[PDB]
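Engineer: Sharing coords.cif, mmCIF, C-alpha atoms and all ligand atoms:
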```cif
data_input
loop_
_atom_site.label_atom_id
_atom_site.label_comp_id
_atom_site.auth_asym_id
_atom_site.auth_seq_id
_atom_site.Cartn_x
_atom_site.Cartn_y
_atom_site.Cartn_z
CA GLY A 1 -6.37 -0.40 16.50
CA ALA A 2 -3.76 -0.30 13.74
CA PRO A 3 -6.23 1.58 11.45
CA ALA A 4 -7.26 4.29 13.96
CA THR A 5 -3.60 5.02 14.76
CA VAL A 6 -3.15 5.94 11.07
CA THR A 7 -6.31 8.04 11.28
CA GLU A 8 -4.86 9.85 14.33
CA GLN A 9 -1.10 10.01 13.60
CA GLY A 10 -0.84 9.44 9.85
CA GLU A 11 0.54 11.95 7.37
CA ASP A 12 -1.69 12.93 4.42
CA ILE A 13 0.51 12.05 1.44
CA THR A 14 -2.14 12.87 -1.19
CA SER A 15 -1.65 15.68 -3.66
CA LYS A 16 -5.19 17.03 -3.17
CA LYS A 17 -4.80 16.81 0.64
CA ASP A 18 -8.19 15.11 1.11
CA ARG A 19 -6.81 12.58 3.67
CA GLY A 20 -7.49 9.79 1.14
CA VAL A 21 -4.13 8.12 1.76
CA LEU A 22 -2.65 8.31 5.27
CA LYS A 23 0.78 6.98 6.16
CA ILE A 24 2.74 6.06 9.26
CA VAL A 25 6.35 4.87 9.13
CA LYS A 26 6.64 1.88 11.50
CA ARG A 27 10.21 1.00 10.54
CA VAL A 28 12.69 3.44 9.03
CA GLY A 29 14.39 2.23 5.83
CA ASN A 30 17.89 2.64 4.40
CA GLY A 31 19.58 5.74 3.03
CA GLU A 32 17.50 8.42 1.34
CA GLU A 33 16.37 7.19 -2.08
CA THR A 34 12.79 6.36 -2.93
CA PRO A 35 11.47 4.64 -6.03
CA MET A 36 10.98 6.19 -9.50
CA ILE A 37 8.00 5.68 -11.83
CA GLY A 38 8.52 2.44 -13.79
CA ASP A 39 10.75 0.94 -11.08
CA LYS A 40 10.08 -2.74 -10.55
CA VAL A 41 9.28 -2.84 -6.82
CA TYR A 42 9.30 -5.88 -4.47
CA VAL A 43 7.15 -5.83 -1.32
CA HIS A 44 5.63 -7.97 1.36
CA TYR A 45 2.33 -6.76 2.70
CA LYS A 46 -0.54 -7.53 4.99
CA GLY A 47 -3.87 -5.91 4.24
CA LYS A 48 -7.56 -5.99 5.04
CA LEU A 49 -10.70 -3.86 5.11
CA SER A 50 -10.68 -1.22 7.84
CA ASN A 51 -13.25 -3.34 9.74
CA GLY A 52 -10.80 -6.30 9.95
CA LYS A 53 -12.41 -8.39 7.22
CA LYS A 54 -10.90 -10.02 4.06
CA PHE A 55 -7.34 -10.37 5.36
CA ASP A 56 -4.66 -10.93 2.72
CA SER A 57 -0.90 -11.41 3.07
CA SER A 58 1.94 -12.01 0.61
CA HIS A 59 3.84 -13.99 3.26
CA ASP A 60 1.43 -16.93 3.34
CA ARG A 61 2.20 -17.54 -0.36
CA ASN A 62 5.97 -17.32 0.30
CA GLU A 63 6.71 -14.80 -2.46
CA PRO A 64 7.32 -11.03 -2.69
CA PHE A 65 4.54 -9.12 -4.46
CA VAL A 66 6.10 -7.41 -7.53
CA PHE A 67 4.82 -4.55 -9.69
CA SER A 68 5.89 -1.55 -11.79
CA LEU A 69 5.54 1.69 -9.88
CA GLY A 70 3.33 4.57 -11.00
CA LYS A 71 1.78 2.72 -13.97
CA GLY A 72 -1.71 2.00 -12.57
CA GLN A 73 -0.95 -1.72 -12.01
CA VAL A 74 -2.31 -1.38 -8.46
CA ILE A 75 -4.82 0.75 -6.54
CA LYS A 76 -4.05 4.48 -6.51
CA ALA A 77 -3.02 4.42 -2.81
CA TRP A 78 -0.24 1.94 -3.58
CA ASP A 79 1.27 4.02 -6.39
CA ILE A 80 1.11 7.11 -4.18
CA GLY A 81 2.21 5.32 -1.01
CA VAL A 82 5.07 3.09 -2.22
CA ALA A 83 6.75 5.97 -4.10
CA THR A 84 7.33 7.62 -0.67
CA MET A 85 9.07 4.60 0.86
CA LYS A 86 12.76 3.90 1.36
CA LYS A 87 14.22 0.41 0.90
CA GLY A 88 13.71 -1.67 4.06
CA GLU A 89 11.02 0.74 5.26
CA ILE A 90 7.80 -0.61 6.73
CA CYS A 91 4.76 1.69 6.72
CA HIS A 92 1.04 1.50 7.40
CA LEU A 93 -1.42 2.98 4.86
CA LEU A 94 -5.07 3.79 5.35
CA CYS A 95 -6.69 4.17 1.93
CA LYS A 96 -10.10 5.75 1.39
CA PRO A 97 -12.30 4.12 -1.34
CA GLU A 98 -11.51 6.98 -3.74
CA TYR A 99 -7.89 5.68 -3.76
CA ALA A 100 -8.86 1.99 -3.80
CA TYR A 101 -12.02 0.39 -5.32
CA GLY A 102 -14.41 3.38 -5.12
CA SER A 103 -18.20 2.97 -5.16
CA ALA A 104 -18.07 -0.04 -7.49
CA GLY A 105 -16.03 -2.13 -5.07
CA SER A 106 -14.86 -5.46 -6.45
CA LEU A 107 -17.47 -8.08 -5.65
CA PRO A 108 -17.77 -10.51 -4.07
CA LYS A 109 -14.58 -9.56 -2.07
CA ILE A 110 -14.51 -5.74 -1.79
CA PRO A 111 -17.81 -3.98 -1.05
CA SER A 112 -18.77 -0.47 -2.16
CA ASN A 113 -16.91 2.39 -0.44
CA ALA A 114 -14.45 0.21 1.46
CA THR A 115 -11.52 1.78 3.30
CA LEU A 116 -8.43 -0.47 3.07
CA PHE A 117 -5.60 -0.83 5.58
CA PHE A 118 -2.15 -2.09 4.56
CA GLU A 119 1.15 -2.79 6.22
CA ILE A 120 3.80 -2.62 3.44
CA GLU A 121 7.50 -3.53 3.61
CA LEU A 122 9.63 -2.26 0.72
CA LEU A 123 12.21 -4.96 0.06
CA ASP A 124 13.75 -3.59 -3.12
CA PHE A 125 13.37 -1.48 -6.23
CA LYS A 126 15.27 -1.51 -9.52
CA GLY A 127 14.98 0.53 -12.72
CA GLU A 128 12.71 0.08 -15.73
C1 LIG B 201 -6.48 1.57 -9.89
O1 LIG B 201 -6.02 0.44 -10.64
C2 LIG B 201 -6.14 -0.87 -10.22
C3 LIG B 201 -5.20 -1.79 -10.67
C4 LIG B 201 -5.28 -3.12 -10.30
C5 LIG B 201 -6.29 -3.56 -9.45
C6 LIG B 201 -6.31 -4.95 -9.14
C7 LIG B 201 -5.93 -5.29 -7.72
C8 LIG B 201 -4.42 -5.26 -7.51
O2 LIG B 201 -4.18 -5.27 -6.09
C9 LIG B 201 -4.22 -4.07 -5.43
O3 LIG B 201 -4.41 -2.98 -5.99
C10 LIG B 201 -4.01 -4.14 -4.02
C11 LIG B 201 -2.60 -3.72 -3.64
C12 LIG B 201 -1.61 -4.81 -4.00
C13 LIG B 201 -1.86 -6.06 -3.18
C14 LIG B 201 -3.20 -6.55 -3.56
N1 LIG B 201 -4.31 -5.52 -3.52
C15 LIG B 201 -5.61 -5.76 -3.12
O4 LIG B 201 -6.48 -4.88 -3.15
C16 LIG B 201 -5.99 -7.19 -2.61
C17 LIG B 201 -6.62 -7.17 -1.18
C18 LIG B 201 -8.03 -6.49 -1.09
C19 LIG B 201 -8.50 -6.84 0.32
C20 LIG B 201 -7.66 -6.03 1.28
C21 LIG B 201 -6.22 -6.51 1.24
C22 LIG B 201 -5.67 -6.49 -0.19
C23 LIG B 201 -6.95 -7.87 -3.62
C24 LIG B 201 -6.23 -8.18 -4.93
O5 LIG B 201 -7.44 -9.10 -3.09
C25 LIG B 201 -3.69 -6.36 -7.98
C26 LIG B 201 -3.94 -7.67 -7.58
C27 LIG B 201 -3.15 -8.73 -8.05
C28 LIG B 201 -2.09 -8.48 -8.92
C29 LIG B 201 -1.82 -7.16 -9.29
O6 LIG B 201 -0.83 -6.79 -10.15
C30 LIG B 201 0.36 -7.54 -10.15
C31 LIG B 201 1.40 -6.60 -10.75
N2 LIG B 201 1.59 -6.79 -12.22
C32 LIG B 201 0.34 -6.70 -13.01
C33 LIG B 201 0.61 -7.01 -14.48
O7 LIG B 201 1.33 -8.27 -14.60
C34 LIG B 201 2.62 -8.14 -14.05
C35 LIG B 201 2.36 -8.00 -12.54
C36 LIG B 201 -2.61 -6.13 -8.82
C37 LIG B 201 -7.26 -2.64 -9.00
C38 LIG B 201 -7.18 -1.29 -9.39
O8 LIG B 201 -8.06 -0.32 -8.99
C39 LIG B 201 -9.43 -0.70 -8.80
#
```
Take the structure in the file and give it back as structure tokens.

Structural biologist:
Amino acid sequence: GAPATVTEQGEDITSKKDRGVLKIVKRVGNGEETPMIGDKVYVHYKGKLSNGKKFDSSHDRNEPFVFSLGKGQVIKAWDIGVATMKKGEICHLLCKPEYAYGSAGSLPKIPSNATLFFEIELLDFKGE
């Protein structure tokens, strides 16, 4: 499975090194630069619970998902994960609940202590 591969081959990109955000590069991006805090980032993504449930994709609404990086506009995994990406990169992220919705979850969609899996493509990033 796409999740287990991240469990097995993924790099722990967390600061505390608690394996709470694991990353695999599936497609290498351009050049060397990676986004700054406050950069307006554009992505397409596909995501779901680790168990395959609650699938969501930006593609099926024909629009890039946009947010400001490192400002807490998204789950912690996304701020940590997207900051490591190069433009045009595609990566897979496995995100423990501590770096997503925690014990509370977000009902009715996200249950308590859900692990989330994402495929993220970094389309672009520009300055604050
Ligand atoms: C830690 O801080 C948090 C900050 C925000 C949220 C709200 C959810 C946030 O979405 C997410 O963080 C992730 C990553 C981005 C894609 C959507 N996300 C999801 O979990 C979605 C799915 C959950 C099921 C698995 C597949 C993804 C959820 C919204 O249905 C989300 C959803 C929709 C929009 C959004 O922000 C748009 C960016 N800006 C926000 C201010 O207005 C300008 C746009 C952000 C939760 C947080 O933690 C519990």

Engineer: Any chance you could tabulate, as a Markdown table, the residues of chain A at most 10 Å from ligand LIG 201 (chain B) with each one's nearest atom pair and distance in Å to one decimal, using all atoms listed in the file, in chain and rising number order?

Structural biologist:
```
| residue | atom | partner | partner_atom | distance |
| --- | --- | --- | --- | --- |
| A:40 | CA | B:LIG201 | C31 | 9.5 |
| A:41 | CA | B:LIG201 | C31 | 9.6 |
| A:43 | CA | B:LIG201 | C13 | 9.2 |
| A:44 | CA | B:LIG201 | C13 | 9.0 |
| A:45 | CA | B:LIG201 | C13 | 7.3 |
| A:46 | CA | B:LIG201 | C21 | 6.9 |
| A:47 | CA | B:LIG201 | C21 | 3.9 |
| A:48 | CA | B:LIG201 | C20 | 3.8 |
| A:49 | CA | B:LIG201 | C20 | 5.3 |
| A:50 | CA | B:LIG201 | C20 | 8.7 |
| A:52 | CA | B:LIG201 | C20 | 9.2 |
| A:53 | CA | B:LIG201 | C20 | 8.0 |
| A:54 | CA | B:LIG201 | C19 | 5.5 |
| A:55 | CA | B:LIG201 | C21 | 5.8 |
| A:56 | CA | B:LIG201 | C21 | 4.9 |
| A:57 | CA | B:LIG201 | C21 | 7.5 |
| A:58 | CA | B:LIG201 | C13 | 8.0 |
| A:65 | CA | B:LIG201 | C13 | 7.2 |
| A:66 | CA | B:LIG201 | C31 | 5.8 |
| A:67 | CA | B:LIG201 | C31 | 4.1 |
| A:68 | CA | B:LIG201 | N2 | 6.8 |
| A:69 | CA | B:LIG201 | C31 | 9.3 |
| A:71 | CA | B:LIG201 | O1 | 8.8 |
| A:72 | CA | B:LIG201 | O1 | 5.0 |
| A:73 | CA | B:LIG201 | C3 | 4.5 |
| A:74 | CA | B:LIG201 | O3 | 3.6 |
| A:75 | CA | B:LIG201 | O3 | 3.8 |
| A:76 | CA | B:LIG201 | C1 | 5.1 |
| A:77 | CA | B:LIG201 | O3 | 8.2 |
| A:78 | CA | B:LIG201 | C11 | 6.1 |
| A:79 | CA | B:LIG201 | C1 | 8.8 |
| A:97 | CA | B:LIG201 | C39 | 9.3 |
| A:98 | CA | B:LIG201 | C39 | 9.4 |
| A:99 | CA | B:LIG201 | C1 | 7.5 |
| A:100 | CA | B:LIG201 | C39 | 5.7 |
| A:101 | CA | B:LIG201 | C39 | 4.5 |
| A:102 | CA | B:LIG201 | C39 | 7.4 |
| A:104 | CA | B:LIG201 | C39 | 8.8 |
| A:105 | CA | B:LIG201 | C39 | 7.7 |
| A:106 | CA | B:LIG201 | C39 | 7.6 |
| A:109 | CA | B:LIG201 | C19 | 7.1 |
| A:110 | CA | B:LIG201 | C19 | 6.5 |
| A:111 | CA | B:LIG201 | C19 | 9.8 |
| A:114 | CA | B:LIG201 | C20 | 9.2 |
| A:115 | CA | B:LIG201 | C20 | 8.9 |
| A:116 | CA | B:LIG201 | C20 | 5.9 |
| A:117 | CA | B:LIG201 | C20 | 7.1 |
| A:118 | CA | B:LIG201 | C21 | 6.9 |
| A:119 | CA | B:LIG201 | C21 | 9.6 |
| A:120 | CA | B:LIG201 | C13 | 9.4 |
```

Engineer: Which of these, A:126, A:26, A:92, A:86, has the shortest distance to residue 6 in chain A once you count all atoms listed in the file?

Structural biologist: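 Under the stated criterion, the closest residue is A:92.
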
Engineer: Between A:22, A:94, A:82, A:36, single out the one closest to residue 128 in chain A, counting only C-alpha atoms.

Structural biologist: A:36

Engineer: Determine the nearest neighbour of residue 9 in chain A from the options A:33, A:127, A:61, A:93, counting all atoms listed in the file.

Structural biologist: A:93

Engineer: Give me, please, the distance in Å between CA of residue 34 in chain A and CA of residue 91 in chain A, quoted to one decimal.

Structural biologist: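 Separating CA of residue 34 in chain A from CA of residue 91 in chain A is a distance of 13.4 Å.
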
Engineer: Quick one, how far is CA of residue 59 in chain A from CA of residue 125 in chain A?

Structural biologist: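 According to the coordinates, CA of residue 59 in chain A and CA of residue 125 in chain A are separated by 18.4 Å.
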